[PDB]
Amino acid sequence: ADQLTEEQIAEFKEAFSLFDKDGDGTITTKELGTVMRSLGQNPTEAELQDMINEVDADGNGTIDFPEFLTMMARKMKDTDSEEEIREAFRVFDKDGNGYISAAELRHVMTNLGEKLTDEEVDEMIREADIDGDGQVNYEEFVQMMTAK
Amino acid sequence: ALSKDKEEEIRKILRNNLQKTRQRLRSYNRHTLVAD
Amino acid sequence: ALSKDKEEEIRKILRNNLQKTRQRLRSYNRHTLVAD
Ligand SMILES: [Ca+2]
Ligand SMILES: [Ca+2]
Ligand SMILES: [Ca+2]
Ligand SMILES: [Ca+2]
């Protein structure tokens, strides 16, 4: 659904290049430290090791481009958030049929303490019904929850 | 076990689209009159 | 062949990441010095 554009990815690749001054495809403490020193920053050796260690998700001792991609993407390292998302589905999917129907949505809206017509629910479901299968799937629900 | 804050965010998202949906729905009130 | 402005942005990019690690380092201070 949400993917980085080519322009953003190109900038990301350029950013890796910014840290990877030697262009060997590998960024190490010496290169990272040099980049920070070039920026006028003066980090300690322990801090430099900590910077790599903290973002070294694969623990291969180095920061690869994928690691940098998520690193500069400011992605949360809390993977337990998936459980929270799953719990939201469980709450909405009261009947546990794996799908959210208009009736199930109506109950959620009803619990808000407001009275709405079935047509309004149907229209809301219809708008969020990207596939038009008359039901709201996980992907469709995610779009609804990521709606801003 | 969703937190209240998380639930509130969910409600705000739904509330936000509900208001937009309601506005569009109320727009069709013009065509709810078939009397002539 | 990027403008210096892009290079300047790295300072902000590194500073943001640096602060996060610095805060983690700060948390170790709490474990060695605590009072109540
Ligand atoms: Ca390198
Ligand atoms: Ca690594
Ligand atoms: Ca269901
Ligand atoms: Ca559907």
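Residues numbered from 1 in each chain as written, not as in the entry; some residues may be left out. Chains lettered and ligands numbered in written order. Heavy atoms only, no water.

**Description of the environment of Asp24(A)**
All names here are of chain A.
Turning to step 1, where the next piece is worked out: Its place among the elements puts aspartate 24 in the loop between helix 1 (6–19) and helix 2 (29–38).
Turning to step 2, where the next piece is worked out: On the basis of relative accessible area, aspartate 24 is assigned to the partly exposed category, the value being 45%.
Turning to step 3, where the next piece is worked out: Among the polar contacts listed, one links the side chain of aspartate 24 to the backbone nitrogen of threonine 26, at a separation of 3.0 Å. (Helix = DSSP H or I, 4+ residues; strand = E, 2+ residues; numbered from the N terminus. Buried < 20%, exposed > 50% of the residue type's maximum accessible area, 1.4 Å probe, protein only. Polar contact = N/O pair within 3.5 Å; in protein donor to acceptor, adjacent residues only side chain to side chain.)

**Side note on the UniProt feature "binding site: Ca(2+) 3" in chain A**
Residues and elements named next belong to chain A.
Turning to step 1, where the next piece is worked out: In this structure's numbering, the residues bearing the UniProt feature "binding site: Ca(2+) 3" are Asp93, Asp95, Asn97, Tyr99 and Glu104.
Turning to step 2, where the next piece is worked out: Look at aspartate 95 and you get partly exposed, because its relative accessible area is 49%.
Turning to step 3, where the next piece is worked out: By the secondary structure assignment, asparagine 97 is in the loop between helix 5 (81–92) and helix 6 (102–110). (UniProt positions renumbered as here; feature names shortened; annotations may be inferred.)

**Side note on helix 1 (residues 4–27) of chain B**
Turning to step 1, where the next piece is worked out: Taking 1.5 Å of rise per residue, 24 residues should cover 34 Å, and helix 1 of chain B covers 34 Å from first to last C-alpha, within 8% of that figure.
Turning to step 2, where the next piece is worked out: All buried positions along helix 1 of chain B are accounted for by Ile10(B), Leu14(B), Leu18(B) and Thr21(B).
Turning to step 3, where the next piece is worked out: Lining the buried residues of helix 1 of chain B we find helix 5, helix 6, helix 7 (118–128) and helix 8 (138–145) of chain A. (Expected span 1.5 Å × (residues − 1). Contact = heavy atoms within 4.5 Å.)

**Overview of the coordination of the calcium ion (ligand 1)**
All names here are of chain A.
Turning to step 1, where the next piece is worked out: Around the calcium ion (ligand 1), the protein supplies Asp20 (OD), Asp22 (OD), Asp24 (OD), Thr26 (O), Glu31 (OE) and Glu31 (OE) as donor atoms, at distances of 1.8 to 2.7 Å.
Turning to step 2, where the next piece is worked out: Its six donor atoms give the calcium ion (ligand 1) angles of 55 to 173° at the centre, a pattern that matches the irregular case.
Turning to step 3, where the next piece is worked out: Given a relative accessible area of 46%, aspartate 22 falls into the partly exposed group. (Donors = N, O, S within 2.8 Å, 3.2 Å for Na, K, Ca; no water. Tetrahedral: all angles 85-135°; square planar, octahedral: opposite > 155°, others 65-115°.)

**Things to note about the interface of chain A and chain B**
Turning to step 1, where the next piece is worked out: The partner chain B presents 13 residues to the 18 residues of chain A that form the contact.
Turning to step 2, where the next piece is worked out: A combined buried area of about 1500 Å² lies between chain A and chain B, and 70% of that area is made up of carbon and sulfur atoms.
Turning to step 3, where the next piece is worked out: Summed over the shared surface of chain A and chain B, the result is one salt bridge.
Turning to step 4, where the next piece is worked out: The shortest N-O distance in the salt bridge between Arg15(B) and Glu114(A) comes to 2.9 Å.
Turning to step 5, where the next piece is worked out: In this structure, the connection of chain A to chain B is made through two residue pairs in polar contact.
Turning to step 6, where the next piece is worked out: At the level of elements, helix 5, helix 6, helix 7 and helix 8 of chain A are the ones that each hand at least two residues to the side of chain A that touches chain B.
Turning to step 7, where the next piece is worked out: Considering every element that reaches the side of chain A that touches chain B, the biggest residue donor is helix 5 of chain A, with five residues.
Turning to step 8, where the next piece is worked out: The residue inventory of the side of chain A that touches chain B, partitioned by class, reads 10 nonpolar, one polar and seven charged. (Buried area = accessible area lost by both parts, 1.4 Å probe. Salt bridge = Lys/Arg side-chain N within 4 Å of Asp/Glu carboxyl O. Nonpolar A, V, L, I, M, F, W, Y, C, P; charged D, E, K, R; others polar.)

**Topic: the coordination of the calcium ion (ligand 4)**
Residue and element names in this part refer to chain A.
Turning to step 1, where the next piece is worked out: Within the first shell, the calcium ion (ligand 4) binds the protein through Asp129 (OD), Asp131 (OD), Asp133 (OD), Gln135 (O), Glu140 (OE) and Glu140 (OE), at distances of 1.8 to 2.6 Å.
Turning to step 2, where the next piece is worked out: One can describe the donor arrangement at the calcium ion (ligand 4) as irregular, given that its six donor atoms subtend angles of 52 to 165° at the metal.
Turning to step 3, where the next piece is worked out: Ordering the donors of the calcium ion (ligand 4) by residue number gives the pattern D-x1-D-x1-D-x1-Q-x4-E.

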